[PDB]
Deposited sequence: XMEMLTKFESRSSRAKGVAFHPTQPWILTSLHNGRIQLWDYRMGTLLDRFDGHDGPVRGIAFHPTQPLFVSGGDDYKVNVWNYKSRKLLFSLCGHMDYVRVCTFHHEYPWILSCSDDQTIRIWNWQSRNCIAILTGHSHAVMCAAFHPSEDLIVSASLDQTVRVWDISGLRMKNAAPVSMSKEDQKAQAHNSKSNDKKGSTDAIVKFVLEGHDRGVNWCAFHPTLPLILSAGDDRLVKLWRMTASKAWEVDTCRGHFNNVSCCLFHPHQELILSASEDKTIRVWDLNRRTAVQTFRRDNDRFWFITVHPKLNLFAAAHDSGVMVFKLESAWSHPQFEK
């Protein structure tokens, strides 16, 4: 495959990137504590947001509301309105670095996870923490809502990937969180976990250099296979929403594309000097973004010799 680069921002180390679902924008969250808002079709910096001290690893748009959420090494989960350009409030409670923060697609919830070994669920309408998910025995490096079921997946330096049943909390919105699976298989800390947008699949990746594919039903889960090849920590991984492909990004300075059905290598993209910290895909478009030591890139993924 080939990478057709649409936009690149040269900056100090970038940690997170988030696509806006309908506007041609990305948010980038940087090691220096700043958040940038770029239009990747014009190549223009629309806004900058300074509300954290130290690196900002969590960043996400709300899918419909004029809001975004950020999570920092200062332990804060900040809620912003990008139209009024205001920091609306800070959600405080985490006791160590915040690694990920996201919005739920239907309920008025924010998910965050932290080196404090917890996952927190907040109600952004009430500004209250409505659940603290405990049980991991080390930092929680990633957490994600399932796109259609009352589930959360989380990845931790305790070498486990947990799937949590949050149906109880959902019914209160209309016991709250119960761990459903403790997926074992990684031999080192796990840095990332992801759901497939439409299939009952999970990806996880970590310091063991492995990307593991799991499948689940309502009653069981199983390890399908492992993508092997990265030669340093894997920082992030995701499913291609529209092709049978897996993508991963690593401190070995590569983004790797793998066949979803065989787990064999499809294409490697390498940078000479930059470790990769994060990758994301637009929900609808053939558009990917990656954060690395020297900034952020937005690119389309094409078959080799397509043009």
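**Student:** In sequence order, what intervals of the deposited sequence carry no C-alpha positions?
**Tutor:** Unobserved in coordinates, per deposited numbering: 1, 176-200, 334-338.
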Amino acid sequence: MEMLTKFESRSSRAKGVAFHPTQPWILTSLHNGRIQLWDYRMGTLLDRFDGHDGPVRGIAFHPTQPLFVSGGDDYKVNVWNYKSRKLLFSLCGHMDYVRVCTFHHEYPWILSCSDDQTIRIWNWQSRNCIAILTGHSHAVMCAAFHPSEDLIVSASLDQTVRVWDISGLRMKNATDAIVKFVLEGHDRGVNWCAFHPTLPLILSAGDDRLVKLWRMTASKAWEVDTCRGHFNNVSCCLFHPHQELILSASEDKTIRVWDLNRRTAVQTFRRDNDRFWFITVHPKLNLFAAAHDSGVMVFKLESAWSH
From here on, numbers count along this sequence of modelled residues.
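**Student:** On average, are the C-alpha B-factors higher in 75-83 or in 139-147?
**Tutor:** According to the entry, 75-83 carries the higher average C-alpha B-factor.
**Student:** Going by the average Cα B-factor in the PDB entry, point out whether 50-58 or 249-257 comes out higher.
**Tutor:** Between 249-257 and 50-58, it is 50-58 that shows the higher mean C-alpha B-factor.
**Student:** According to the Cα B-factor stored in this entry, which of the following is highest: 273, 36, 268, 70?
**Tutor:** Of the options given, 273 has the highest CA B-factor in the PDB entry.
**Student:** Using only modelled residues of the chain, where does the Cα B factor of residue 119 rank: lowest third, middle third or highest third?
**Tutor:** Middle third by C-alpha B-factor.
**Student:** With respect to C-alpha B-factor, does residue 91 fall in the lowest, middle or highest third of the chain as deposited?
**Tutor:** It falls in the top third of the chain.
**Student:** Pull the Cα B-factor of residue 193 out of the PDB entry and bin it into the chain's lowest, middle or highest third.
**Tutor:** As the PDB entry reports it, the C-alpha B-factor of residue 193 lands in the lowest third of its chain.
**Student:** Compared with the other modelled residues in the chain, in which third is the CA B-factor of residue 14?
**Tutor:** Tercile = middle for this residue's CA B-factor.
**Student:** Splitting the chain's C-alpha B-factors into thirds, which one does residue 204 fall into?
**Tutor:** Ranked within chain, residue 204 CA B lands in the lowest tercile.
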